[PDB]
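Right, one structure below, let's go through it.
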Ligand SMILES: *[C@@H]1O[C@H](CO)[C@@H](O)[C@H](O)[C@H]1NC(C)=O
């Protein structure tokens, strides 16, 4: 079986800050994860797929890094339209398409 | 350089340029911090969309991928001329005959 | 290249492309297209040449089998699935596609031929599913002893190493010839200049000379024109269908008439074999 | 829609002389007032070609394709409509079809199901095939169309390409010379060994008008072609017809003065390739490895070395029970040819779920604690229940 | 004559290939043509004698 | 004489070597044979004079 | 820009059955796979089911096997999901995800989604 953990749950920032969030995987699963922005008021969206392959149609401010178990998303701009929860989901393990626990991100 | 460059939060001490104006000539460096012309409308000092900043930050961490680990790279360029070479090998010197 | 699903290697897919402008920087600037290696044409030049008809052969193979896609290269896929002719001009683009063609339970949509009585001819597709015969006794439609199914399924799985990851391969073949080209590279036209020494580029045919009107009657399909020395001396303007004659620019020999430098240093110049009203 | 005809008349095919027809422009370049020697698939001069009449004559046989076909037609009213090419001539293997009706031309390569008597029938009745399962190419264009019509076609199949050359002439074969211009190229890429023509019947029973068609076969040889000042072919000399033609071909001239000349030597073309090796003895001991009654445990995997013998890997390679053939670093088909210094056979017993673990880059109990394989492993693994 | 090169025209070699192996092709063409010219000059010398 | 190639036997070159460099080897052999025959012909011409 | 319409939700007694329908019009539906996923009102996403481009490979969640079924009609470009044997833990939201590839169990991720339909299972 596969277990995933998200060290950050709620974080504080401002409009002009740079922040990072990381995910941990119980076993090595060859960096096959996707990262989701879930706005509570509208449909959630894919931002990056795979290790560091940016999905077209989104700003390139978001940056993904890491291979193996620990993966890190970085926001350099933190635009005032990023009030959402960030998800990291695996698609490699025998348990298919298990998701992670929510990561609230807000600016104060 | 995992044993020497490893920060758990990602080492930002190393930066890398992406959006250069054009392909660089060999053996040249640019420290330009001006906003890159990333479209048709001139930047005129305006950043954001249509004008992306070439510089980006490495996110090296101690448990990244093998290819995602930082590697120190040193390139030695050697030029040989008829002039007396001042950087030679460790071979000993004998007496001429 | 953005097709969702490629065909099996034994029944490789083929598409004909003609009568359009082709830009190869679109394929060149994409990171995933790793193995971009070309026989007979340097990749950087694809932006200037002009081709008649081009073929795109698409399929999916194993990661280590990519080295077997080459002219004059022997291989299982070369012998029984897809053989590249030795005199082949064109490029191959192979890139890893583990993200799409691998199932954790196991992917079985792709099959390759394992046994065949004879080697395949170049660019030949064999879709026969007949039970391969290995012994003297006839198979008679039974896949028993010495009677084998030549088709074997690639069991792609994400957990495999790089040696067995699925790889999507597209082979671009160029019909580079003297035929009237229609697959045109990205280039801008220019007004026709006549009766002077110019550097001309006619459908990727580079040259230097004088372009004059000619009375030669090309066959309606006949594009180029040569001479006893087998060099292009007569050409057809692609934009408007007329016949132009190509003449090398005026040259000649120069010799010096001179008395001994001991007595004087004045000289005269002899231009050989030319009326000096055209010097 | 299949209709069988019982009005055919059995007769051996006629034979006639090819004379000096069957030359085609080898390439699309332009040459003027120059002699050029080219080696390709050409119809030999003065060859004995097959002759068929249709009137109550009906000649619709299946002919081998060989390396090429030259198809001439002496025709009025255009009673001949198309062609069929293939190997099995059914839906088992894909077949190619050409027709030219009163409106346009139809070209289709599909696994058609042809009737045993394909023909046509004003003309509004087409009976050539019953079903089409898989298609690979289609093309529609303009129609091609005292005996007054002469059509000469050349069909070639080289390197996945089907070349068709055509020539139309207003008029046995007339004594004359006429080169064939290249008409069409097709990206078919299948096997072609047999063909047949397609005919249309006049309905008022049914009677066929007077027509004739001639078949010749292409052969690989060299021709010397003369281009006139206008740039069109006017004369050709075969390079292997008779010694006078050989001398003309060698001297690169159409007139030879009095004298003695040297052309070539005496030559017998090869037919087969023969390969010889000594007796295949001293086979490697594979039976004691696979047909062994008892295998050892996976932790104490049995290791055997193989050398100084001939290793017939086909024996293990050709057994179905051995389902899984997973090999790393070498292809199974070159196991018969590629030679090695030594072979190491490691035999053990594992579960079904741990079979995948013995491979480069894998993890698990067997891979880490029982038997570890290197990343750059050159060899195969065989597993059977 | 191609002399074993992929084409017998220098312009085609230059416009079709990059320098690194176009130079090999041009090397082959030049050495062949130079050999032909050497043969012609030798025959001319013998005939002149 | 191998003429600087791997082997002096034409069929051995064609058999155990792939065409991409077998072509180069065949070119080397044939050009060596041409040069030798050229030298012989020139010597014969001088002796004939 | 693809559009995903989901309908068929409402209030239902536990133990009953109902239908959810999802139709797509912004792309070619014949060569894309789809999935059904669940967003709990107080818990994060978790996969429910999925079907490929054609009805050959089908799969279900571990806690869901034998309870819900999915169907795909390529003729009018839609898919169906049947609610069966509902209990109080199935009162969440459902999203109609579109796969990047063609199969069901692939590293391919989900690209484009739409506004889901709210359902609840209570008396
Ligand atoms: C070309 O053929 C025509 C007859 O069709 C003839 O009158 C003309 O002289 C020919 N051209 C030349 C250059 O002789």
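In chain D, numbers come from Swiss-Prot; the residues present are 14-68, 77-142, 153-176, 185-210, 215-247, 257-437, in order.
Determination method: electron microscopy, 3.7 Å.
Using the three backbone atoms N, Cα and C, a Cβ is placed for every residue, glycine included.
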| message | So one of D:20, D:29, D:323 should carry the feature O-linked glycosylation site according to Swiss-Prot; which one? | response | D:323
| request: Check the candidates D:31, D:297, D:325 against Swiss-Prot and report the one noted as O-linked glycosylation site. | output: D:325
| Want to know which recorded positions, from D:17, D:165, D:291, D:325, are within 10 Å of residue D:131 (disulfide bond) at Cα; which are they? | D:165
| note | Under 8 Å Cβ-Cβ from the region 'Putative superantigen' (D:280-301), and at least six residues away from its ends along the same chain, one finds 33, 36, 38, 43-46, 50, 55, 57-59, 220, 222, 273-274, 308, 313, 315-316
| message | Under 8 Å between C-beta atoms and at least six residues away from its ends: which parts of the chain pack against the region 'Disordered' (D:319-335)? | response | 360-364
| Within 10 Å of residue D:136 (disulfide bond), Cα to Cα, which of the recorded positions D:17, D:165, D:166, D:234, D:331 are there? | D:17
| request: Determine, using Cα-Cα distances only, which of these glycosylation sites is closest to residue D:122 (N-linked glycosylation site): D:165, D:282, D:325, D:331. | output: D:165
| request: Within 10 Å of each Cβ, count the other Cβ atoms and name the one among the disulfide-bonded residues D:291, D:361 with the highest count. | output: D:291
| query | What number of additional C-beta atoms lies within 10 angstroms of the C-beta atom of residue D:343 (N-linked glycosylation site)? | reply | 7
| request: Return one of helix, strand or coil for residue D:301 (disulfide bond), based on DSSP. | output: helix
| request: Name, in order along the sequence, the recorded positions among D:17, D:131, D:234, D:282, D:361 with a Cβ closer than 8 Å to any chain C Cβ. | output: D:234, D:282
